[PDB]
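Protein chains in written order, with our numbering: chain Z, 17 to 186; chain L, 17 to 186; chain E, 17 to 186; chain Y, 17 to 186. Backbone N, C-alpha and C define an ideal beta-carbon position, used for all residues, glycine too. Input: a single structure, listed below in structure tokens.
Number of protein chains: 4
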Amino acid sequence: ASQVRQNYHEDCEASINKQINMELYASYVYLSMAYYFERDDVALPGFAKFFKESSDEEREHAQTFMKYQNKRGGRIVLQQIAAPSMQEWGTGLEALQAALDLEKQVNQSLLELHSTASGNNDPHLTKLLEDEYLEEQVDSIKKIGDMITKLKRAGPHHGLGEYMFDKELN
Amino acid sequence: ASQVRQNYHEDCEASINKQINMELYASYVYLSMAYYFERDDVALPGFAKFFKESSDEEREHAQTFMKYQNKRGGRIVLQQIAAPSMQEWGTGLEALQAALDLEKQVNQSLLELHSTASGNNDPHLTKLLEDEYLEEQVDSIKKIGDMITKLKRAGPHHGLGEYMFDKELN
Amino acid sequence: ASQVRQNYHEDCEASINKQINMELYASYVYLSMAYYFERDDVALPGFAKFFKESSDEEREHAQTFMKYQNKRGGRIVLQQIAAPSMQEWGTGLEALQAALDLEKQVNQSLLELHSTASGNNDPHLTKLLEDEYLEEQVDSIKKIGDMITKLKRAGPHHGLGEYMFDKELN
Amino acid sequence: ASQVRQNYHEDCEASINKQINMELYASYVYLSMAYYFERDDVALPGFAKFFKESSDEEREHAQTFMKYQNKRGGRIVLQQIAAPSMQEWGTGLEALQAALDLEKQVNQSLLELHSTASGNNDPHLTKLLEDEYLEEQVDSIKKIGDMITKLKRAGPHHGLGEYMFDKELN
Ligand SMILES: [Fe+3]
Ligand SMILES: [Fe+3]
Ligand SMILES: [Fe+3]
Ligand SMILES: [Fe+3]
Ligand code: NI
Ligand code: NI
Ligand code: NI
Ligand code: NI
Ligand code: NI
Ligand code: NI
Ligand code: NI
Ligand code: NI
Ligand code: NI
Ligand code: NI
Ligand code: NI
Ligand code: NI
């Protein structure tokens with residue numbers, strides 16, 4: 017085994033490799049939304065910018081798990097990144113609702129990864145998940161929730177409300 | 017009695033202690049509104065900021081009466097601070113209307129406190145009430161009144177008007 | 017339930033609402049001490065400043081729990097804030113001893129809240145309590161303990177020692 | 017009568033002339049204390065500085081009444097300024113207690129002057145007394161009261177406590 021490995025269970029190592037793929041997949045979803053909102057027949061530059069940034073952050077999240085894997089002496093195994101579930105995301109509200117659902121799915125996976133680390137008595141992994149992932153996930157979910165509510169207030173259908181709310185994200 | 021006390025009537029001293037509790041209560045009401053408007057299903061950051069600031073100012077108002085009590089040689093007696101009348105404040109318009117009603121109730125109490133000081137021939141207390149409280153109360157009531165009118169103009173129901181007016185308070 | 021809520025147990029939500037009331041109560045205790053020490057017949061400006069700052073920090077602590085409640089999708093319920101246990105706090109030493117006892121009571125409640133979060137497998141809540149509350153509570157208790165010892169050294173009775181120690185807190 | 021005089025009663029004009037003499041007398045008392053505390057066998061430079069400043073402020077107070085008299089069209093009449101009641105003021109505590117008694121005597125006279133202005137329906141004079149004199153008098157009395165308490169705490173007799181408290185006034 018690796019000269020650095022210590023108190024790092026095979027199951028944690030494998031679960032990290034799957035979370036890497038999930039972070040890369042979410043980055044890919046957000047990239048698809050981002051350029052969907054730059055179509056000439058959608059033209060929502062605030063939504064585009066918001067999802068482009070979310071795409072970058074998710075790819076950074078994947079890289080932090082890749083650095084982590086190497087740090088503990090695990091070995092990174094990357095799988096194919098699935099095509100996004102959709103090619104068209106509808107209105108801003110529907111994209112946000114899809115992002116909300118995706119963020120809570122990522123959160124579920126992260127909490128299961130914390131349970132695996134806790135079960136294998138890995139406080140260093142539980143610390144990483146709490147400090148770097150669980151905290152950021154809850155803030156993201158709250159922020160997307162706020163945005164959904166604000167957009168429902170402003171007028172969620174393809175109208176003046178969507179146009180004005182889009183300016184808030186620019 | 018206190019080495020500093022002079023021309024300070026027992027009734028003024030007791031009325032100050034009650035106004036302290038009322039200022040602390042109003043600060044508590046505004047704190048409740050402030051974080052109500054940060055709920056993920058309300059998401060009105062301008063209203064939240066406005067009431068958070070009003071909460072701070074009211075607690076400062078209480079402290080100025082506490083400094084005053086000590087300055088005149090009275091003795092501060094603090095009572096329990098009642099729970100806010102509501103836990104949910106509805107729309108921005110309903111919160112402003114509730115704030116308007118509360119501000120005029122505080123004003124009434126302050127004018128009664130001025131009558132007590134005037135009846136006991138305490139020009140130093142009448143000066144404090146006129147310079148530090150009555151002036152600020154009338155400006156607050158006018159400002160809340162303007163805001164109610166502006167919100168009724170923009171569209172007081174949970175719609176684009178409320179969303180846009182909220183930006184004016186950020 | 018809230019669109020953001022996930023892995024947030026009813027018991028944690030209710031325990032947060034009680035800790036909010038406790039933080040607000042401690043803020044109220046410290047406010048009472050602060051202006052007690054500004055009485056013309058006490059005149060300990062260092063103690064006054066120390067407890068005024070502690071009053072502000074506790075009210076900030078309550079607000080961080082209120083932000084937290086909203087972040088997780090819980091609903092804030094504020095109760096009445098009890099009158100402070102005392103209206104007069106005696107000497108500086110007796111106020112510090114009362115603060116020490118209060119700080120350890122708050123700490124106990126926070127450790128019970130950590131046990132509730134741990135029992136319901138909420139690592140996000142355990143992280144908040146460890147990073148934002150437990151750490152600050154232990155430092156506060158150590159600092160108050162140091163101060164009690166320093167004051168007992170300088171001379172805890174209403175004398176030159178209390179007067180000099182008070183300068184250290186200004 | 018003066019081309020400027022309007023709503024200025026003979027009694028208010030005469031009462032101002034007496035308050036001028038009283039302010040000048042208090043300035044003279046404080047000047048005596050100030051240089052008493054610079055005697056080689058007293059040597060309390062903090063007390064000296066405190067009373068020298070109080071002497072200057074009282075003489076400024078007299079001048080503000082003299083400017084006021086002229087402003088309203090009254091005519092200034094200055095009487096002899098009595099010798100201070102004492103030539104030696106004892107300890108710092110006894111000087112502060114004498115200042116406290118003098119400040120409350122000045123306050124009494126000012127409140128009687130407010131009653132005279134109120135009885136003659138002179139809101140301009142009541143405003144001057146509230147804004148320029150009553151406010152400053154209550155703050156002075158509170159500050160002297162604090163100082164007496166601090167000195168009694170530090171040790172009011174000619175000892176280390178008096179020596180240390182004196183440094184606080186430098
Ligand atoms: Fe992520
Ligand atoms: Fe107020
Ligand atoms: Fe706290
Ligand atoms: Fe004066
Ligand atoms: Ni995110
Ligand atoms: Ni639609
Ligand atoms: Ni619709
Ligand atoms: Ni106000
Ligand atoms: Ni409505
Ligand atoms: Ni309508
Ligand atoms: Ni603390
Ligand atoms: Ni004692
Ligand atoms: Ni002893
Ligand atoms: Ni003065
Ligand atoms: Ni003596
Ligand atoms: Ni003695």
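Per DSSP, cross-strand counterpart(s) of residue i
i	result
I97 of chain L	E:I97
Residue-level contact to chain L via CB, residue i, 8 Å cutoff
i	result
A114 of chain Z	no
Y84 of chain E	no
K158 of chain Y	yes
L176 of chain E	no
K166 of chain Z	yes
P100 of chain E	yes
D56 of chain E	yes
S18 of chain E	yes
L47 of chain Y	no
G161 of chain Z	yes
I32 of chain E	no
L150 of chain Y	yes
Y24 of chain E	no
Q103 of chain E	yes
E146 of chain Y	yes
Residue i at chain E interface by Cβ criterion, 8 Å
i	result
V122 of chain Z	no
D117 of chain Y	no
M180 of chain Y	yes
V154 of chain Z	yes
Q95 of chain L	yes
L185 of chain Z	no
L127 of chain Z	yes
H130 of chain Z	yes
Any C-beta of chain Z under 8 Å from that of residue i
i	result
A111 of chain L	no
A59 of chain L	yes
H140 of chain E	yes
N136 of chain E	no
Short CB-CB distance (under 8 Å) between residue i and chain Y
i	result
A170 of chain E	no
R88 of chain L	yes
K143 of chain L	yes
For review: beta carbons within less than 7 Å of any heavy atom in ligand 3: With 7 Å as the limit between CB and the heavy atoms of ligand 3, the residues that fall short of it are E:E39, E:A42, E:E73, E:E74, E:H77, E:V122, E:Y149, E:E152, E:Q153.
Just jot down, in chain order, the residues whose CB lies closer than 6 Å to any heavy atom of ligand 6. Those satisfying the condition are, in chain order, Z:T107, Z:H173.
Count Cβ pairs between the segment 48–68 of chain Y and the segment 95–110 of chain Y that sit closer than 8 Å; are there 3 or more? Contact holds: three or more Cβ-Cβ distances are below 8 Å.
Identify every run of the alpha helix (DSSP H) within the segment 31–78 of chain L, keeping only runs that are complete inside it and at least 4 residues long; order them along the chain. As summarised for the segment 31–78 of chain L, there are no continuous alpha helix (DSSP H) elements at least 4 residues long confined to that stretch.
Below 8 Å, how does it come out for the segment 76–93 of chain E and the segment 111–129 of chain L: are there three or more Cβ pairs, yes or no? The segment 76–93 of chain E is not in contact with the segment 111–129 of chain L.
Quick check on the DSSP output: what are the complete alpha helix (DSSP H) runs of length 4 or more inside the segment 105–165 of chain Z, in order along the chain? Segments of the alpha helix (DSSP H) lying fully in the segment 105–165 of chain Z: 108–135, 139–144.
Does the structure place the segment 126–136 of chain L close enough to the segment 22–35 of chain L that three or more beta carbon pairs sit under 8 Å? Three or more beta-carbon pairs drawn from the segment 22–35 of chain L and the segment 126–136 of chain L are found closer than 8 Å, and the two stretches are therefore classed as touching.
Pairing CB atoms from the segment 62–75 of chain Y with CB atoms from the segment 36–50 of chain Y, are three or more of them under 8 Å? Yes: the two stretches touch, three or more of their Cβ pairs being nearer than 8 Å.
Indicate whether the contact test is met: 3 or more Cβ pairs, each with one atom in the segment 140–148 of chain E and one in the segment 162–178 of chain E, closer than 8 Å. Taking one beta carbon from each stretch, the segment 140–148 of chain E and the segment 162–178 of chain E have fewer than 3 pairs nearer than 8 Å; the two do not touch.
Determine contact between the segment 170–177 of chain Z and the segment 151–159 of chain Z, defined as no fewer than three beta-carbon pairs at a distance below 8 Å. No: fewer than three Cβ pairs fall under 8 Å.
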